[PDB]
Amino acid sequence: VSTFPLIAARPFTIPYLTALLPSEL
Amino acid sequence: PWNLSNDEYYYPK
Amino acid sequence: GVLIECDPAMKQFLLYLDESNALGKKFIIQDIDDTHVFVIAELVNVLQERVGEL
Amino acid sequence: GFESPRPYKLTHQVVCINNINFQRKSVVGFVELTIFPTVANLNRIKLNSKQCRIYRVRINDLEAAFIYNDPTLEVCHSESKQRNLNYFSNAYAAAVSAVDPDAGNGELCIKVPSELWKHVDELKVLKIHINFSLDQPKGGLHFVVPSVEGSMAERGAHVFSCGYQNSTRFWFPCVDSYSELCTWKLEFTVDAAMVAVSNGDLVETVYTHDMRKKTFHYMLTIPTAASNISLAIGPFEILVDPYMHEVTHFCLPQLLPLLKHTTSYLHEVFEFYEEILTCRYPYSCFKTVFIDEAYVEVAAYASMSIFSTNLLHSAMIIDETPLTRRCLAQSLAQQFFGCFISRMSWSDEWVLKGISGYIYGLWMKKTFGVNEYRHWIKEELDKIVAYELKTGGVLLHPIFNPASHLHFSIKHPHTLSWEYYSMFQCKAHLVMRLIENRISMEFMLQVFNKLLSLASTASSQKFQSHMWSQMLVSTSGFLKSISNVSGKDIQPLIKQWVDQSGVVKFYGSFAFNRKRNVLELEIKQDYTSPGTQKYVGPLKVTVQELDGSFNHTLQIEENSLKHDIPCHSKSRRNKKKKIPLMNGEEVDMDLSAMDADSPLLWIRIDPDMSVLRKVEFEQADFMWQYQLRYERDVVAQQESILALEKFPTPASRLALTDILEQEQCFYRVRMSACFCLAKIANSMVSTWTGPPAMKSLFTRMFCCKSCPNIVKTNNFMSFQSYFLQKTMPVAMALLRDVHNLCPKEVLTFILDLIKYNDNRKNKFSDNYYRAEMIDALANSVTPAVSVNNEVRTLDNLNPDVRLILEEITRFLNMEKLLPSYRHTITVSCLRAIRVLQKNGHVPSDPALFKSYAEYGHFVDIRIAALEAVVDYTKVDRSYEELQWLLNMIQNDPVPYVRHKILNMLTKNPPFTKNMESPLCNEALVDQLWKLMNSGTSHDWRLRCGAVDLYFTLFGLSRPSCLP
């Protein structure tokens with residue numbers, strides 16, 4: 001946990017919305 | 001997203 | 001072939017006979033560089049007659 | 001001439017769907033068919049139905065008796081002890097042929113009542129009213145219901161018809177053949193906040209008396225088959241095309257700007273396909289639906305196409321624009337020549353697949369250039385020669401086994417392996433390019449226009465198939481139309497490349513006769529390999545001599561070996577004159593590397609790819625370097641790059657470096673020259689003089705003039721130096737020192753490319769360039785020097801790999817907060833963690849990839865994680881991971897993921913038939929036989945994938961590891 005901590009993978013209910021959509025526009 | 005084939009140098013006419 | 005060691009300025013002397021003689025297909029078969037040429041075996045004694053004018 | 005295998009002719013079909021329940025995943029409906037018997041004493045009528053519970057059937061409003069049996073549910077009996085695959089392939093072919101509507105058969109057998117026999121003998125109409133219900137479908141209709149609360153439109157729940165070929169039997173009873181054309185009437189009663197998209201044109205949309213549901217009425221007056229009828233019900237955002245106004249685009253909610261940008265090119269695809277052919281688009285509307293958890297990436301039905309939402313990109317996304325563009329283009333090509341003109345048998349499928357692929361290649365030629373066309377044609381030809389030399393061959397147009405060299409039957413599309421289906425379409429469009437080579441392109445487009453014009457005169461009649469079978473093409477009709485427009489018949493070319501199933505292999509070597517000034521070629525064929533055949537036709541060869549480029553035609557009969565062609569002068573070495581090229585131009589060549597006695601600079605056997613061939617020519621290395629530099633053909637530059645890997649001389653390094661520095665070279669040649677230069681640099685270690693390869697060239701092309709180690713800020717507006725910039729460190733990381741370890745000068749260079757990356761200034765995204773940077777970091781990993789199997793812990797980590805691991809940890813964690821376009825950096829970081837685990841750096845633990853392979857993740861992350869788990873269970877011989885993968889094949893919600901797991905477990909198998917493994921039980925043989933027999937009975941693509949997996953693991957005979 002001290003060296004190289006990874007944020008755990010959480011599942012989305014709708015994954016295309018967080019994948020395909022642009023965030024800076 | 002475009003042509004990107006340099007066609008005027010390979011096939012000039 | 002037949003290895004023939006000659007002079008760079010004399011190599012073209014045998015090339016002119018290649019484009020002039022109509023006996024075979026081609027006289028010189030492989031031109032290595034400027035002091036080494038190859039040849040079908042038959043014209044060394046004939047070339048000795050041309051020494052009087054060379 | 002088309003004669004039906006069915007004893008009845010179907011005229012009209014009404015499909016009404018009520019009560020689409022999304023919570024219970026259930027539809028109710030009826031189907032009313034209007035058949036005319038062609039033979040008297042019809043008695044039984046045999047229709048196709050899978051997964052539908054048939055409630056009642058009434059023929060002419062009289063109650064009739066039906067019997068249902070599906071032999072393809074359990075192909076072989078449970079209590080048969082057979083375990084060989086040839087038995088299952090014959091039983092599966094017989095079971096699919098017993099439900100085949102292309103024979104007279106079918107799964108639902110309805111008995112005509114007795115009082116209608118006087119109505120059926122003198123051939124009068126019969127109206128069959130079946131009403132059915134899908135209780136919880138495992139195939140056909142796919143219900144994507146998310147687990148957010150709210151109304152079904154507020155959470156984004158939708159249905160779509162999935163499957164390939166004849167898979168419309170999976171959601172309503174029909175005659176599910178491509179030859180039974182009828183007109184259609186489609187009603188769908190959906191929720192008031194949802195829209196139902198289907199085939200035809202929407203005549204009206206009426207409300208229900210409570211105004212909580214509405215009924216969409218579609219009508220299809222162009223007679224299509226049942227297999228071309230589709231459905232998409234959901235809360236779609238509607239967008240009318242602002243250029244063409246009969247084209248509506250439907251997307252999932254919150255994805256309207258991506259839909260606007262993505263589907264803005266499609267009018268140019270319409271204009272192309274309507275000006276090379278001279279028919280307009282045959283249907284009255286066009287509808288593009290973008291959905292989630294799609295079966296295939298692009299499906300094309302009558303007047304409708306169903307794409308996945310993963311094709312939707314924004315304006316700042318490059319490296320995805322051409323792929324989505326060509327998916328739209330091939331969907332439209334299949335709209336013209338798979339849905340309007342249909343198939344007469346299962347043979348003559350090569351005609352439709354070839355015309356679709358060929359006109360899509362013509363679109364690619366006009367859109368992306370002739371050079372991209374040649375590169376695509378060469379990659380398809382290499383694909384097919386690799387597949388046909390690997391296993392047997394692809395047989396277009398078989399005659400009914402005709403192909404017994406391969407473990408499945410080619411009589412039906414649903415018994416084909418998926419790789420065979422892909423190579424079938426690929427070979428069909430290459431054979432159509434060959435027919436264009438023999439009979440010119442304008443005559444070819446006239447053939448296609450004649451087929452379309454016969455179909456469109458046929459499409460407006462009302463006669464029930466007196467004339468509706470002119471919309472069905474066959475092989476004999478296609479060859480007859482070719483012979484009508486051209487006067488030449490192609491029967492030798494058809495006999496060689498269609499009916500015969502093989503590719504040819506050419507081994508060439510030359511010798512220059514200086515005496516007679518001739519070029520003696522020596523071309524011999526390998527015709528005794530399993531995939532090969534013997535070529536006896538003519539063969540073009542192009543020789544570039546000092547006087548120019550000359551073409552010669554060689555007649556390669558069976559007993560032929562030496563072909564003497566004449567050579568020209570060498571008077572362009574006497575004077576310095578420019579040497580004229582294949583095109584009209586001429587260039588200055590450095591003739592110091594050329595032989596003094598030979599005028600010829602390079603030779604190319606079959607330059608135009610006019611046969612399905614694999615050439616192995618033996619030139620000299622300077623001829624390959626001249627062909628790389630001065631050729632005006634991209635396939636010859638690619639094959640010279642491919643042949644320069646065997647000659648690691650510094651002149652070849654100079655040739656590839658001059659190709660890399662050269663703009664006005666095609667960019668995919670320079671991207672290949674990067675990897676070729678990396679391989680050559682690895683082979684001439686302890687001879688290499690200066691810096692590592694391509695580093696000085698990278699700092700010359702893409703870095704600042706004042707700072708060599710600081711990269712320029714990202715401006716990706718050129719699209720050719722963007723691709724070259726993102727491919728050059730990936731090849732540069734394959735450099736190795738004398739100690740077989742990647743140098744710390746290239747790894748430091750890649751890490752400085754990662755640190756100094758600034759993307760706040762270009763109008764394009766950085767996700768693919770950063771993902772390629774992670775791929776370059778993964779390429780540098782050499783296997784670690786474990787001592788006495790020391791446990792890989794954090795303290796005994798490599799000092800090189802700690803920097804790489806810190807960078808991929810930073811990238812993956814930053815992706816968890818600021819995600820990329822399609823989680824490209826997640827896929828690249830999972831791939832790099834698997835690279836570090838494959839060597840002895842990170843502990844070999846599949847728990848991270850098992851957490852990324854859960855259901856709620858994006859599908860690219862899922863398939864990357866499942867690829868890592870398949871690689872782990874191959875290397876670590878894990879039993880429980882193989883049981884995890886087989887369980888995920890059996891019950892996963894997305895069927896594309898199940899097909900991909902079977903595909904990856906076939907490509908990277910846990911064991912082959914030759915290996916002794918601990919995972920060769922009778923338990924695994926029984927599990928995979930149960931997965932072929934039952935279990936995969938609902939998809940037709942999982943069952944062929946299970947057959948492929950059983951063939952890869954246990955072979956065609958009896959599993960050996962068994963009592």
# chains A, B, ... in the order shown; residues from 1 in each chain; ligands from 1
$ interface_residues --of "chain B" --to "chain D" --cutoff "6 Å" --atoms "only C-alpha atoms" --output "list in words"
residues 1, 3, 5, 6 and 10 of chain B
$ residues_around --residues "residue 32 in chain C" --least-positions-apart "3" --cutoff "10 Å" --atoms "only C-alpha atoms" --output "PyMOL selection string"
(chain C and resi 3-4+29+35-38) or (chain D and resi 596-597)
$ closest_atom_pairs --of "range 790-835 of chain D" --to "range 7-15 of chain A" --cutoff "9 Å" --atoms "only C-alpha atoms" --output "JSON lines"
{"residue": "D:812", "atom": "CA", "partner": "A:7", "partner_atom": "CA", "distance": 8.3}
{"residue": "D:813", "atom": "CA", "partner": "A:7", "partner_atom": "CA", "distance": 5.8}
{"residue": "D:816", "atom": "CA", "partner": "A:7", "partner_atom": "CA", "distance": 7.0}
$ write_last_selection --atoms "N, CA, C and O atoms" --output "mmCIF file, in the first residue's frame"
data_model
loop_
_atom_site.group_PDB
_atom_site.id
_atom_site.type_symbol
_atom_site.label_atom_id
_atom_site.label_comp_id
_atom_site.auth_asym_id
_atom_site.auth_seq_id
_atom_site.Cartn_x
_atom_site.Cartn_y
_atom_site.Cartn_z
ATOM 1 N N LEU D 812 -2.409 4.329 -14.686
ATOM 2 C CA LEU D 812 -3.644 3.612 -14.395
ATOM 3 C C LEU D 812 -4.464 4.333 -13.329
ATOM 4 O O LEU D 812 -5.697 4.437 -13.443
ATOM 5 N N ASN D 813 -3.799 4.879 -12.311
ATOM 6 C CA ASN D 813 -4.513 5.618 -11.278
ATOM 7 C C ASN D 813 -5.081 6.923 -11.820
ATOM 8 O O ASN D 813 -6.173 7.329 -11.424
ATOM 9 N N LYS D 816 -8.188 6.195 -13.572
ATOM 10 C CA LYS D 816 -9.314 6.027 -12.653
ATOM 11 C C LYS D 816 -10.012 7.339 -12.296
ATOM 12 O O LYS D 816 -11.170 7.308 -11.873
#
$ residues_around --residues "residue 701 in chain D" --least-positions-apart "2" --cutoff "12 Å" --atoms "only C-alpha atoms" --output "VMD selection string"
chain D and resid 660 to 663 694 to 699 703 to 705 708 711 to 712 721 to 722 724 to 725 728
$ select_by_dssp --residues "range 730-879 of chain D" --states "alpha helix (DSSP H)" --output "ChimeraX atom specification"
/D:730-732,744-755,767-779,799-817,824-838,847-852,859-875,879
$ atom_distance --atom1 "CA of residue 95 in chain D" --atom2 "CA of residue 72 in chain D"
5.4 Å
$ atom_distance --atom1 "CA of residue 808 in chain D" --atom2 "CA of residue 782 in chain D"
16.6 Å
$ atom_distance --atom1 "CA of residue 230 in chain D" --atom2 "CA of residue 301 in chain D"
6.5 Å
$ residues_around --residues "residue 21 in chain A" --least-positions-apart "5" --cutoff "12 Å" --atoms "only C-alpha atoms" --output "ChimeraX atom specification"
/A:14-16 /D:252-259,309-317,818-823
$ residues_around --residues "residue 17 in chain C" --least-positions-apart "6" --cutoff "10 Å" --atoms "only C-alpha atoms" --output "list in words"
residues 26, 27 and 28 of chain C
$ residues_around --residues "residue 442 in chain D" --least-positions-apart "5" --cutoff "12 Å" --atoms "only C-alpha atoms" --output "ChimeraX atom specification"
/D:276-278,435-437,447-449,482,485-486
$ write_last_selection --atoms "N, CA, C and O atoms" --output "PDB file, in the first residue's frame"
ATOM      1  N   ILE D 276     -21.343   5.171 -58.325  1.00  0.00           N
ATOM      2  CA  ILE D 276     -20.619   4.118 -59.041  1.00  0.00           C
ATOM      3  C   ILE D 276     -21.590   3.084 -59.605  1.00  0.00           C
ATOM      4  O   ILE D 276     -21.505   2.715 -60.777  1.00  0.00           O
ATOM      5  N   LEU D 277     -22.525   2.604 -58.796  1.00  0.00           N
ATOM      6  CA  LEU D 277     -23.737   2.022 -59.325  1.00  0.00           C
ATOM      7  C   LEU D 277     -24.629   3.159 -59.780  1.00  0.00           C
ATOM      8  O   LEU D 277     -24.474   4.299 -59.347  1.00  0.00           O
ATOM      9  N   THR D 278     -25.559   2.879 -60.682  1.00  0.00           N
ATOM     10  CA  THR D 278     -26.453   3.936 -61.121  1.00  0.00           C
ATOM     11  C   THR D 278     -27.854   3.801 -60.551  1.00  0.00           C
ATOM     12  O   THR D 278     -28.732   4.592 -60.910  1.00  0.00           O
ATOM     13  N   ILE D 435     -11.872 -10.881 -60.915  1.00  0.00           N
ATOM     14  CA  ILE D 435     -12.826 -10.787 -62.024  1.00  0.00           C
ATOM     15  C   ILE D 435     -12.814  -9.382 -62.627  1.00  0.00           C
ATOM     16  O   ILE D 435     -12.958  -9.220 -63.844  1.00  0.00           O
ATOM     17  N   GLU D 436     -12.611  -8.348 -61.804  1.00  0.00           N
ATOM     18  CA  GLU D 436     -12.408  -7.010 -62.347  1.00  0.00           C
ATOM     19  C   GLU D 436     -11.104  -6.907 -63.131  1.00  0.00           C
ATOM     20  O   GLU D 436     -11.024  -6.158 -64.111  1.00  0.00           O
ATOM     21  N   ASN D 437     -10.074  -7.641 -62.721  1.00  0.00           N
ATOM     22  CA  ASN D 437      -8.819  -7.616 -63.468  1.00  0.00           C
ATOM     23  C   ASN D 437      -8.980  -8.258 -64.839  1.00  0.00           C
ATOM     24  O   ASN D 437      -8.407  -7.778 -65.820  1.00  0.00           O
ATOM     25  N   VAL D 447     -22.333  -4.783 -64.736  1.00  0.00           N
ATOM     26  CA  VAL D 447     -22.918  -6.028 -64.219  1.00  0.00           C
ATOM     27  C   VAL D 447     -23.731  -5.745 -62.967  1.00  0.00           C
ATOM     28  O   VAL D 447     -24.878  -6.203 -62.826  1.00  0.00           O
ATOM     29  N   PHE D 448     -23.151  -4.971 -62.046  1.00  0.00           N
ATOM     30  CA  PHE D 448     -23.819  -4.692 -60.779  1.00  0.00           C
ATOM     31  C   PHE D 448     -25.067  -3.848 -60.990  1.00  0.00           C
ATOM     32  O   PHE D 448     -26.093  -4.071 -60.336  1.00  0.00           O
ATOM     33  N   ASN D 449     -25.001  -2.897 -61.921  1.00  0.00           N
ATOM     34  CA  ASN D 449     -26.165  -2.090 -62.250  1.00  0.00           C
ATOM     35  C   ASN D 449     -27.253  -2.914 -62.919  1.00  0.00           C
ATOM     36  O   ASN D 449     -28.436  -2.660 -62.689  1.00  0.00           O
ATOM     37  N   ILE D 482     -22.490 -11.388 -66.595  1.00  0.00           N
ATOM     38  CA  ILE D 482     -21.131 -11.011 -66.985  1.00  0.00           C
ATOM     39  C   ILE D 482     -20.899 -11.298 -68.461  1.00  0.00           C
ATOM     40  O   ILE D 482     -20.385 -10.449 -69.208  1.00  0.00           O
ATOM     41  N   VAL D 485     -22.770  -8.712 -70.617  1.00  0.00           N
ATOM     42  CA  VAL D 485     -22.267  -7.352 -70.771  1.00  0.00           C
ATOM     43  C   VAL D 485     -20.904  -7.327 -71.459  1.00  0.00           C
ATOM     44  O   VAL D 485     -20.547  -6.320 -72.079  1.00  0.00           O
ATOM     45  N   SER D 486     -20.127  -8.414 -71.401  1.00  0.00           N
ATOM     46  CA  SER D 486     -18.750  -8.333 -71.872  1.00  0.00           C
ATOM     47  C   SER D 486     -18.463  -9.189 -73.087  1.00  0.00           C
ATOM     48  O   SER D 486     -17.600  -8.829 -73.881  1.00  0.00           O
TER      49      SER D 486
END
$ decode --residues "range 175-201 of chain D" --atoms "N, CA, C and O atoms" --output "tab-separated table (two decimals), in the first residue's frame"
chain	number	residue	atom	x	y	z
D	175	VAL	N	-40.47	-18.17	-41.85
D	175	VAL	CA	-39.73	-19.02	-42.78
D	175	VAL	C	-38.37	-18.35	-42.91
D	175	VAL	O	-38.17	-17.44	-43.71
D	176	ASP	N	-37.42	-18.80	-42.11
D	176	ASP	CA	-36.17	-18.07	-41.89
D	176	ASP	C	-35.11	-18.45	-42.92
D	176	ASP	O	-34.02	-18.91	-42.61
D	177	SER	N	-35.45	-18.22	-44.19
D	177	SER	CA	-34.52	-18.40	-45.29
D	177	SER	C	-34.41	-17.09	-46.05
D	177	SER	O	-35.32	-16.26	-46.02
D	178	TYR	N	-33.30	-16.93	-46.75
D	178	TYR	CA	-33.08	-15.73	-47.55
D	178	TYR	C	-33.82	-15.76	-48.88
D	178	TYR	O	-33.79	-14.77	-49.60
D	179	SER	N	-34.48	-16.87	-49.20
D	179	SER	CA	-35.14	-17.04	-50.48
D	179	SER	C	-36.65	-16.88	-50.40
D	179	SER	O	-37.31	-16.86	-51.44
D	180	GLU	N	-37.21	-16.77	-49.20
D	180	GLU	CA	-38.64	-16.61	-49.02
D	180	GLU	C	-38.90	-15.13	-48.80
D	180	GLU	O	-38.92	-14.64	-47.67
D	181	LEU	N	-39.11	-14.41	-49.90
D	181	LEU	CA	-39.35	-12.98	-49.88
D	181	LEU	C	-40.85	-12.72	-49.77
D	181	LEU	O	-41.64	-13.36	-50.46
D	182	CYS	N	-41.22	-11.77	-48.92
D	182	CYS	CA	-42.61	-11.41	-48.73
D	182	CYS	C	-42.69	-9.96	-48.31
D	182	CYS	O	-41.68	-9.35	-47.95
D	183	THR	N	-43.88	-9.39	-48.36
D	183	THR	CA	-44.04	-8.05	-47.84
D	183	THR	C	-44.45	-8.11	-46.37
D	183	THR	O	-44.96	-9.12	-45.88
D	184	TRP	N	-44.20	-7.02	-45.65
D	184	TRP	CA	-44.21	-7.07	-44.20
D	184	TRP	C	-45.06	-5.96	-43.60
D	184	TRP	O	-45.16	-4.86	-44.14
D	185	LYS	N	-45.65	-6.27	-42.45
D	185	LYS	CA	-46.40	-5.30	-41.66
D	185	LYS	C	-46.02	-5.50	-40.20
D	185	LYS	O	-46.32	-6.54	-39.63
D	186	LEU	N	-45.38	-4.50	-39.59
D	186	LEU	CA	-44.73	-4.67	-38.30
D	186	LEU	C	-45.30	-3.68	-37.29
D	186	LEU	O	-45.14	-2.48	-37.45
D	187	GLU	N	-45.93	-4.18	-36.23
D	187	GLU	CA	-46.47	-3.32	-35.19
D	187	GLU	C	-45.79	-3.62	-33.87
D	187	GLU	O	-45.63	-4.79	-33.51
D	188	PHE	N	-45.38	-2.58	-33.16
D	188	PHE	CA	-44.70	-2.73	-31.88
D	188	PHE	C	-45.32	-1.78	-30.87
D	188	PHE	O	-45.26	-0.57	-31.06
D	189	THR	N	-45.89	-2.33	-29.80
D	189	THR	CA	-46.52	-1.52	-28.76
D	189	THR	C	-45.53	-1.34	-27.62
D	189	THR	O	-45.36	-2.23	-26.79
D	190	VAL	N	-44.89	-0.17	-27.57
D	190	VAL	CA	-43.83	0.08	-26.61
D	190	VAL	C	-44.29	1.14	-25.63
D	190	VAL	O	-45.39	1.68	-25.75
D	191	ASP	N	-43.44	1.45	-24.64
D	191	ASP	CA	-43.70	2.51	-23.69
D	191	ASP	C	-43.76	3.86	-24.39
D	191	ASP	O	-43.24	4.04	-25.49
D	192	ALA	N	-44.39	4.83	-23.73
D	192	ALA	CA	-44.59	6.13	-24.35
D	192	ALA	C	-43.31	6.93	-24.44
D	192	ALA	O	-43.21	7.81	-25.30
D	193	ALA	N	-42.33	6.64	-23.59
D	193	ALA	CA	-41.06	7.35	-23.62
D	193	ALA	C	-40.01	6.66	-24.48
D	193	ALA	O	-38.88	7.14	-24.56
D	194	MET	N	-40.37	5.55	-25.13
D	194	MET	CA	-39.46	4.78	-25.95
D	194	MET	C	-39.86	4.86	-27.42
D	194	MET	O	-40.99	5.23	-27.75
D	195	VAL	N	-38.93	4.51	-28.28
D	195	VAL	CA	-39.13	4.48	-29.72
D	195	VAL	C	-38.73	3.10	-30.23
D	195	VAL	O	-37.77	2.50	-29.73
D	196	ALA	N	-39.51	2.57	-31.17
D	196	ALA	CA	-39.30	1.26	-31.77
D	196	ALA	C	-38.87	1.45	-33.21
D	196	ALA	O	-39.64	1.94	-34.03
D	197	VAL	N	-37.64	1.04	-33.52
D	197	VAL	CA	-37.05	1.19	-34.84
D	197	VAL	C	-37.06	-0.17	-35.50
D	197	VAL	O	-36.69	-1.17	-34.87
D	198	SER	N	-37.48	-0.24	-36.76
D	198	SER	CA	-37.53	-1.51	-37.46
D	198	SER	C	-37.46	-1.25	-38.95
D	198	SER	O	-37.21	-0.13	-39.39
D	199	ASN	N	-37.72	-2.28	-39.73
D	199	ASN	CA	-37.57	-2.21	-41.18
D	199	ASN	C	-38.85	-1.69	-41.82
D	199	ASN	O	-39.95	-1.91	-41.34
D	200	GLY	N	-38.68	-1.00	-42.93
D	200	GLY	CA	-39.79	-0.41	-43.65
D	200	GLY	C	-39.85	1.09	-43.41
D	200	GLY	O	-38.87	1.72	-42.98
D	201	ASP	N	-41.01	1.66	-43.68
D	201	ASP	CA	-41.24	3.04	-43.28
D	201	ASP	C	-42.40	3.09	-42.30
D	201	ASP	O	-43.38	2.34	-42.43
